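First up is the structure itself, then whatever we jot down about it.
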Amino acid sequence: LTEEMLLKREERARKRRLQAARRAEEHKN
Amino acid sequence: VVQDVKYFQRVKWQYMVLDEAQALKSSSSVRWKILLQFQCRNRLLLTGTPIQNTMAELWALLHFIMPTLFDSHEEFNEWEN
Amino acid sequence: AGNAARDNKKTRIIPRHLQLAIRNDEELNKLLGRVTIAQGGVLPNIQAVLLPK
Amino acid sequence: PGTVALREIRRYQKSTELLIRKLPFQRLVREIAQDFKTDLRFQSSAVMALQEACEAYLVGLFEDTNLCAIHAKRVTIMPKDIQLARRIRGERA
Amino acid sequence: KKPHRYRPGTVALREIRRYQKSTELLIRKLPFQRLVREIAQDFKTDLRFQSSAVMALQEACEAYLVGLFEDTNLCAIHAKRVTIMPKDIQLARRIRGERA
Amino acid sequence: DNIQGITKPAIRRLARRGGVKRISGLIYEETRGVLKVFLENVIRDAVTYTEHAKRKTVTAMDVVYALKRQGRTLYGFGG
Amino acid sequence: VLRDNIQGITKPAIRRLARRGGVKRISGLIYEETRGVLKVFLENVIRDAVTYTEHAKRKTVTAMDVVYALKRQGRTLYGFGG
DNA sequence: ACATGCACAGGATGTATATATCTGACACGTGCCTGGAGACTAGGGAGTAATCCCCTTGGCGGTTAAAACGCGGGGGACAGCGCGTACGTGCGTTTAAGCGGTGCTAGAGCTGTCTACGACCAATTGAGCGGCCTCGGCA
DNA sequence: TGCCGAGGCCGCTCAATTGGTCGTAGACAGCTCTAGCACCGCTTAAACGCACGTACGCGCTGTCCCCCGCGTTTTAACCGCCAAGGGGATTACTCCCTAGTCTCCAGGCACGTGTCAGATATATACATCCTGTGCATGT
């Protein structure tokens with residue numbers, strides 16, 4: 001039953017850092 | 001720094017490095033009044049010509065570097081003599 | 001409503017411009033007390049006690 | 001504190017959009033209706049006409065409550081004020 | 001009888017228990033019966049009144065004033081007064097949609 | 001003079017039927033203003049009905065119709 | 001499923017409606033009573049719309065059945081038609 | 001002893017039978033658009049912790065309306081005039097009604113844009129330094 | 001009776017909000033119906049609207065007499081106005097979700113045609129009903 005909650009956890013765990021780091025790489029130039 | 005004080009306090013910085021530090025010379029400033037009190041282990045002043053003003057402005061840079069023995073302006077006026 | 005659109009820098013009437021007209025004019029306002037202009041919002045108003053100082 | 005609340009008032013009085021989320025309100029309509037009759041259907045526009053009337057009723061309630069609160073000089077609002085607004089406009093007692 | 005001169009602001013309650021109970025109209029007939037004509041004649045001169053029409057006006061108007069006063073009582077109590085004061089009427093008359 | 005025919009003790013009597021404990025000294029004349037504009041708003045509609053009806057005695061029906069239109073209705077005058 | 005979906009009225013929406021009504025500070029006592037007051041309004045509008053729908057023998061409520069409820073409640077609406 | 005309540009006369013009122021048909025309840029075709037759920041997406045919101053500032057509180061204090069009270073004017077109660085209202089009445093002008101004629105105003109289409117809807121950049125107005133200067137000041 | 005300190009003035013520095021420009025796409029006017037069903041025609045269809053006339057009865061204008069409006073001084077409760085407290089609403093963060101767009105299924109229901117039966121308006125005679133009226137009567 002927990003797997004449908006876990007797949008939501010892992011995709012948001014990457015999306016969190018991904019958008020922040022993607023904005024960092026666009027910002028610093 | 002004067003606007004984001006609590007957000008820069010949110011980290012244990014090892015060094016507060018401070019460029020062109022003649023900007024700290026006024027002990028009256030909200031800058032210097034804050035900048036004495038950030039928690040870091042060590043500091044640097046990188047002055048393009050330090051001091052070169054009245055005694056209170058020597059005191060202001062000195063007390064930011066080290067808090068020791070700088071207890072008053074009149075003892076600092078004692079300390080060619 | 002067309003004056004409200006002009007003053008809002010527009011020329012297509014939308015429910016907002018009608019609401020602005022109807023609530024600026026006291027005669028339309030008192031004719032139209034029992035009615036809502038759908039998606040027109042409300043007339044912008046700050047109380048004197050809420051304004052600065 | 002309290003300066004940005006005035007900027008929120010200006011922003012939401014300049015804008016004209018729905019302040020409640022559509023899907024939660026769409027459920028609320030159906031979830032109430034299901035004991036006035038079994039299994040109501042709703043046309044897509046009907047939930048919006050309901051939501052518009054409800055938000056307009058709530059904005060009018062807060063407007064009348066603002067006059068209640070500022071009459072009592074308090075800038076903050078409580079049920080103490082809304083229970084004048086309903087009782088004096090006429091929906092209760 | 002027995003409380004007599006008890007606590008100023010309480011022969012007020014002795015008055016409530018008279019006027020709330022009774023059927024009377026609390027404005028004198030004759031002054032009002034002239035005033036309704038003065039209010040009418042600005043829009044059309046030389047009007048008469050049915051002797052029932054002036055009473056229908058008085059009874060609706062005294063009921064309107066009584067309802068306004070009782071709503072104004074809540075306006076005073078909400079502001080933690082037992083004295084009604086002009087701003088109480090202003091609140092009531094705005095919220096009932098009569099002044100805005 | 002006619003508007004002062006709403007007597008100072010009549011304001012107190014009406015407010016005492018209205019349940020209020022005490023009256024501020026400024027209430028009276030502005031409350032005559034409220035009674036005046038209410039009377040005026042119903043009487044003008046009643047005259048507006050009476051003029052369409054050709055008559056010029058203001059009838060209990062003319063004022064019942066004004067009060068019915070304005071949602072301040074009364075019963076007992078033959079509605 | 002069925003639930004008390006009045007808790008679908010999220011607290012920022014109540015704050016925004018209040019801020020559109022120009023009230024500046026909103027005590028914790030307001031929110032759950034205001035949910036009740038909103039629900040009480042919906043109940044009458046829905047009751048009435050359901051009855052306009054019962055004459056038509058429908059299950060399907062339209063924007064008209066609510067506009068007619070709003071007419072009998074004296075809180076009329078322009079834009080949906082009627 | 002007054003407002004409400006009693007039975008008769010009058011005259012029309014509600015009624016029962018009738019001719020003629022269109023309103024509307026029904027089965028079926030119709031076939032939309034709503035109900036549904038999932039994938040996909042990230043803007044919005046939930047809950048906690050910080051702390052400023054607001055509404056409540058108890059209070060000082062004044063001054064206000066209620067309270068008690070009397071003077072004199074005017075509200076409340078009948079006769080007398082006359083002017084309006086409710087009908088009586090025939091006139092005649094008003095719209096209703098038959099159902100064609102045929103105009104434009106209708107649903108729904110398709111048209112090409114093209115205002116104004118997002119999204120980005122360059123304005124004008126805000127509190128904190130910096131050095132000068134004088135006034136106020138001590139020894 | 002020699003020498004400086006604290007504070008005001010005039011000006012820069014840099015960070016918040018605001019008004020204007022560029023473009024792409026939602027939904028406008030502009031057709032262009034086709035299309036059919038609204039809006040306008042002539043008469044005859046009746047009655048309801050309309051004007052004089054005046055019986056008939058309610059509304060103004062003076063009654064005449066006891067009560068209410070008006071005004072003051074008084075008094076204890078209240079409201080004007082305040083300082084100060086500490087409860088609690090605003091505050092930013094990192095946490096999570098479910099709101100919204102969309103793509104598609106697939107189903108239940110709303111709708112329109114065709115039908116017919118049984119319902120009511122109209123029109124009349126049927127037959128019994130409710131009212132204005134005189135003046136009785138009950139609390």
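Any idea how many residues of region G:8-42 are under 17 Å from D:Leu18 (Cα atoms), of a type in the set (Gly, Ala, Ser) and surrounded by fewer than 22 Cβ atoms within 10 Å (Cβ to Cβ)?
2
Could you list, in sequence order, all residues of region E:41-62 that are in contact with a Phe, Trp or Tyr (Cβ under 9 Å, 6 or more places away or on another chain), over 15 Å from F:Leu35 (Cβ atoms) and surrounded by 19 or more Cβ atoms within 10 Å (Cβ to Cβ)?
E:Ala53, E:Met55, E:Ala56 - these are the residues of region E:41-62 that are in contact with a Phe, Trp or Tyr (Cβ under 9 Å, 6 or more places away or on another chain), over 15 Å from F:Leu35 (Cβ atoms) and surrounded by 19 or more Cβ atoms within 10 Å (Cβ to Cβ).
If D:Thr65 passes every condition in (1) near DNA strand H (Cβ under 10 Å from one of its atoms); (2) closer than 16 Å to G:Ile30 by Cα; (3) among the hydroxyl-bearing types (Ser, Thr, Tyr) but one, which one does it miss?
(1)
Here are some conditions: (1) more than 13 Å from DNA strand H (Cβ to nearest atom); (2) more than 7 Å from chain E (Cβ to nearest Cβ); (3) on the phi < 0 side of the Ramachandran plot; (4) in a loop (DSSP other than H, G, I, E, B). F:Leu74 meets all but one. Which one does it not meet?
(2)
Among the residues of region F:40-71, what is the count of those that are closer than 20 Å to E:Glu98 by Cβ, assigned to a loop (DSSP other than H, G, I, E, B) and touching a helix residue (DSSP H, G or I) at 6+ places or on another chain (Cβ under 7 Å)?
Number satisfying all stated conditions: 1.
Taking region E:1-25 as the region of interest, how many residues are at the interface with chain F (Cβ under 10 Å from one of its Cβ atoms) and at negative phi?
15
Filter region D:1-21 down to the residues that are more than 9 Å from DNA strand I (Cβ to nearest atom) and β-branched (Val, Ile, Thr), then identify the one that is surrounded by the most Cβ atoms within 10 Å (Cβ to Cβ).
Per the criteria, the residue is D:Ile9.
Would you pick out the residues in region G:1-18 that are within 7 Å of another protein chain (Cβ to nearest Cβ) and either more than 9 Å from DNA strand I (Cβ to nearest atom) or out of contact with any strand residue (DSSP E or B) (no Cβ under 9 Å at 6 or more places or on another chain) (or both)?
Within region G:1-18, G:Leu2, G:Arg3, G:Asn5, G:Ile6, G:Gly8, G:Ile9, G:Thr10, G:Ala13, G:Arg16, G:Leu17 meet the criteria.
Any chance region E:84-99 includes a residue that's within 11 Å of DNA strand H (Cβ to nearest atom), aliphatic (A, V, I, L, M) and facing chain F (nearest Cβ under 8 Å)?
Going through region E:84-99, the residues within 11 Å of DNA strand H (Cβ to nearest atom) turn out to be E:84-86.
Filter once more, so that each one left must be aliphatic (A, V, I, L, M): E:84-85.
If we keep only those that are facing chain F (nearest Cβ under 8 Å) too, we end up with E:84-85.
So far as region E:84-99 goes, yes, one or more of its residues are within 11 Å of DNA strand H (Cβ to nearest atom), aliphatic (A, V, I, L, M) and facing chain F (nearest Cβ under 8 Å).
Determine if region E:23-41 includes at least one residue that is farther than 20 Å from F:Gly5 by Cα and either near DNA strand H (Cβ under 8 Å from one of its atoms) or small (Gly, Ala, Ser) (or both).
As a first pass, look at region E:23-41 and keep what is farther than 20 Å from F:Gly5 by Cα: E:23.
Remaining after also requiring either near DNA strand H (Cβ under 8 Å from one of its atoms) or small (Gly, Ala, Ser) (or both): none.
No, region E:23-41 contains no residue that is farther than 20 Å from F:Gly5 by Cα and either near DNA strand H (Cβ under 8 Å from one of its atoms) or small (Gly, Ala, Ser) (or both).
Please find, within region D:42-57, the residue that is farthest from G:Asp48 (Cα to Cα) out of those that are within 12 Å of DNA strand H (Cβ to nearest atom) and more than 7 Å from chain G (Cβ to nearest Cβ).
Across region D:42-57, the extreme among qualifying residues is D:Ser44.
Provide a single number: the residues in region G:19-39 that are within 7 Å of another protein chain (Cβ to nearest Cβ), closer than 11 Å to D:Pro79 by Cα and either over 19 Å from the mean Cα position of the chain (by Cα) or part of a loop (DSSP other than H, G, I, E, B) (or both).
Within region G:19-39, residues that are within 7 Å of another protein chain (Cβ to nearest Cβ), closer than 11 Å to D:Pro79 by Cα and either over 19 Å from the mean Cα position of the chain (by Cα) or part of a loop (DSSP other than H, G, I, E, B) (or both) number 3.
State the number of residues belonging to region B:31-68 that are closer than 21 Å to B:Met16 by Cβ, surrounded by 11 or more Cβ atoms within 10 Å (Cβ to Cβ) and not acidic (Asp, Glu).
The qualifying residues number 23.
Would you mind stating whether F:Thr57 is in contact with a strand residue (DSSP E or B) (Cβ under 7 Å, 6 or more places away or on another chain), within 8 Å of chain E (Cβ to nearest Cβ) and hydroxyl-bearing (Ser, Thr, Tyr)?
It is true that F:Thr57 is in contact with a strand residue (DSSP E or B) (Cβ under 7 Å, 6 or more places away or on another chain), within 8 Å of chain E (Cβ to nearest Cβ) and hydroxyl-bearing (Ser, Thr, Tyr).
Considering (1) farther than 25 Å from D:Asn66 by Cα; (2) in contact with an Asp or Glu (Cβ under 7 Å, 6 or more places away or on another chain), say which one E:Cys75 fails and leave the rest.
In the conditions (1) farther than 25 Å from D:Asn66 by Cα; (2) in contact with an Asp or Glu (Cβ under 7 Å, 6 or more places away or on another chain), E:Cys75 misses (1) alone.
Return yes or no: is D:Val47 of a type outside the set (D, E, K, R) and over 21 Å from G:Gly81 (Cα atoms)?
no
No lab work stands behind these numbers, since they all come straight from the coordinates. All Cβ positions, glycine included, derive from the backbone under ideal geometry; neighbour counts span all protein chains shown.
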